[PDB]
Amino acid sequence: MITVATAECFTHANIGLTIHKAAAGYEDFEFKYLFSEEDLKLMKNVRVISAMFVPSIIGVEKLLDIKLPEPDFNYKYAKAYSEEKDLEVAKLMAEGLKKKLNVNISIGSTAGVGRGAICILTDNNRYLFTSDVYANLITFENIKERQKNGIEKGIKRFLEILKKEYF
């Protein structure tokens, strides 16, 4: 099968969980509306190996054997980066997942202050994009909007990528 793993922060493991529910044939799930019935047949050929929510630097570093840059802001509950570092970390997490679990497609996401970053790494190519929503992990400004936008954009891009590269 086509195997997928994700290491997600702002999107709370929902990109991986959605991929899993779609693949397994769930008839109701939060982001099902993004999939056509044809997309859902293609998704039966995908298996999720793991979908991790990894807010801790020490968590990410220990589970994936990578090393992350120092946070840009002090924040007790999650590593907190500005945009430049979120883009760097999404790539480092996707790459580390791909090495640790040997999957076809790895997905990293992270967002501190700004639009956040999602990296989708396949066997062929690496895709890196921001969300549409500026938010702030610490003040909570726009954080739910950013989360929902990031999940939707992550899944839309994942489906485009899967179809382009694998179907």
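Heads up: residue numbers just count along the shown sequence, starting at 1.
The deposited model assigns a higher average Cα B-factor to 30-38 than to the other stretch when 45-53 and 30-38 are compared. Per the PDB record, of the two stretches 91-99 and 67-75, 67-75 carries the greater mean B-factor over its C-alpha atoms.
Per the deposited record, 60 carries the highest C-alpha B-factor of all listed residues (111, 60, 121, 133).
When the modelled residues of the chain are ordered by C-alpha B-factor, residue 137 sits in the middle third. Among the modelled residues of the chain, residue 162 sits in the middle third by CA temperature factor in this PDB entry.
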